[PDB]
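S.K.: please find the sequence and an experimentally derived structure below.
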Amino acid sequence: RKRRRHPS
Amino acid sequence: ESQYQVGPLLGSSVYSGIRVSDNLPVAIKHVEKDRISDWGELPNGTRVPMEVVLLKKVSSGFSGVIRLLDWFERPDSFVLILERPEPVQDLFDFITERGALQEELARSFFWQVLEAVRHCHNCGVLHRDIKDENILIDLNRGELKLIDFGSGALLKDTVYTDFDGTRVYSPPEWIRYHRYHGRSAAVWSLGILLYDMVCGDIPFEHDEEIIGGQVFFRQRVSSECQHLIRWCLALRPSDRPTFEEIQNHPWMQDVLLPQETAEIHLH
Ligand SMILES: NCCCNC(=O)c1ccc(-c2cccc3sc(C(N)=O)cc23)s1
């Protein structure tokens, strides 16, 4: 899988 | 401008700073008035962003939260002066660099985050954006610190129908009904966080997975830790544990002290 940030 | 020396940018708008007073390392957060959704009143009835209200309320002395040292109003923005530990790394970058954390380290970190969220609740503040991105590690002290109250609210026991937090950490009842209670929502996000710590990434990316309530462990995780995560990620809010039941869970016993955690895992 691809680990990433997620915005607020 | 004269009270602090401004340095270069960190993340997006927060800059490195030094307090001229005593050469203390600070962080200088700028918030555009035009981009602020929720406004509050101060104890002296001054109109400020909710972020400042919540930061003032949690800035007692318990250092599991990044404290607001000072703030300024400008014509089109507010400037927040926050403490800056050095050296620091956020828990998102730490997990990316190191992968799935050992259970001992995950126990220490998760415990400190629990103590910081309880502190927020004790001061009448609901964070509403608990995730690895919103947690700083002081690498020398082995102390975690909560950041970014910009999606926060005053804690209430009645239902919330608004949310500006991270969707992939939001609970099933929000996805489905646009409805949640603060405590049971916070426990859900802490379930995501704990999975993220022991498995090296968050369990759910899509709404279907969030409301599905199936938790597949992609990494070796003890049965005690699997049970705690499954319990925090119960579909029905009322079936989730209290902060008391989490911290009394068998998996959470014999936690490392911050300095022990730094010596063993960070140095
Ligand atoms: N892939 C590298 C990204 C680099 N990024 C970083 O290191 C950091 C970004 C910002 C940091 C920070 C340090 C001290 C106080 C506060 S308060 C606050 C907030 N948003 O409220 C953020 C911070 S740390």
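M.R.: Arrived safely, thanks for sending. Numbers count the residues shown, from 1 in each chain, chains lettered A, B, ... in the order given.

S.K.: so residue B:16 touches residue B:29, yeah?
M.R.: No. Because the distance of 11.6 Å does not satisfy C-beta atoms under 8 Å, residue B:16 is recorded as not touching residue B:29. For every residue, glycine as well, the C-beta is placed using N, CA and C.

S.K.: more crowded one of these two?
M.R.: Per other C-beta atoms under 10 Å in any protein chain shown, whichever of residue B:16 and residue B:29 has more neighbours is residue B:29, with 24 against 16.

S.K.: residues contacting residue B:81?
M.R.: Taking C-beta atoms under 8 Å, 6 or more residues apart in numbering or on different chains, we find residue B:81 in contact with B:4, B:17, B:19, B:26-28, B:68-72.

S.K.: ChimeraX command for the buried members of these?
M.R.: Selection of the buried residues among the contacts of residue B:81 in ChimeraX, burial being defined by 16 or more other C-beta atoms under 10 Å in any protein chain shown:
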select /B:4,17,19,26,27,28,68,69,71
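
S.K.: the contacts of residue B:81 in strands, which ones?
M.R.: B:4, B:17, B:19, B:26-28, B:68-72 (DSSP state E).

S.K.: of those, which is the nearest to residue B:152?
M.R.: Within those, proximity to residue B:152 (C-beta to C-beta) peaks at residue B:68, which comes in at 12.5 Å.

S.K.: isn't that closest one right up against residue B:52?
M.R.: Yes. Taking C-beta under 8 Å as the definition, residue B:68 is a contact partner of residue B:52 at 7.0 Å.

S.K.: count of residues packed around residue B:154?
M.R.: Counted with other C-beta under 10 Å, the burial measure for residue B:154 works out to 14 neighbours.

S.K.: what bridges to it?
M.R.: Listed beta-bridge partners, residue B:154: residue B:125 (assigned using DSSP bridges).

S.K.: just say helix, strand or coil for residue 2.
M.R.: Just going to use chain A. Recorded secondary structure, residue A:2: coil (DSSP: H, G, I helix; E, B strand; the rest coil).

S.K.: ah, I was thinking of chain B
M.R.: State at residue B:2, reduced to three classes by three-state DSSP: coil.

S.K.: what parts of the stretch 1-150 of chain B come near the ligand?
M.R.: Taking C-beta under 6 Å from any ligand atom as the contact definition, the stretch 1-150 of chain B meets the ligand at B:10-11, B:14, B:27, B:29, B:66, B:82, B:84, B:88, B:90, B:93, B:136, B:147-148.

S.K.: by neighbours, which of the residues you listed wins?
M.R.: Using other C-beta under 10 Å as the neighbour criterion, residue B:66 leads those with 26 neighbours.

S.K.: where along the stretch 1-150 of chain B do the helices fall?
M.R.: Secondary structure of the stretch 1-150 of chain B, counting by DSSP state H, counting those that start in this stretch: helices at B:50-58, B:91-98, B:103-122.

S.K.: which residues are in contact with the second one?
M.R.: It refers to helix B:91-98. Helix B:91-98 has contacts (C-beta under 8 Å, 6+ apart) with A:3, A:5, B:89, B:101, B:109, B:131-133, B:135-137, B:144, B:196-197, B:200-201.
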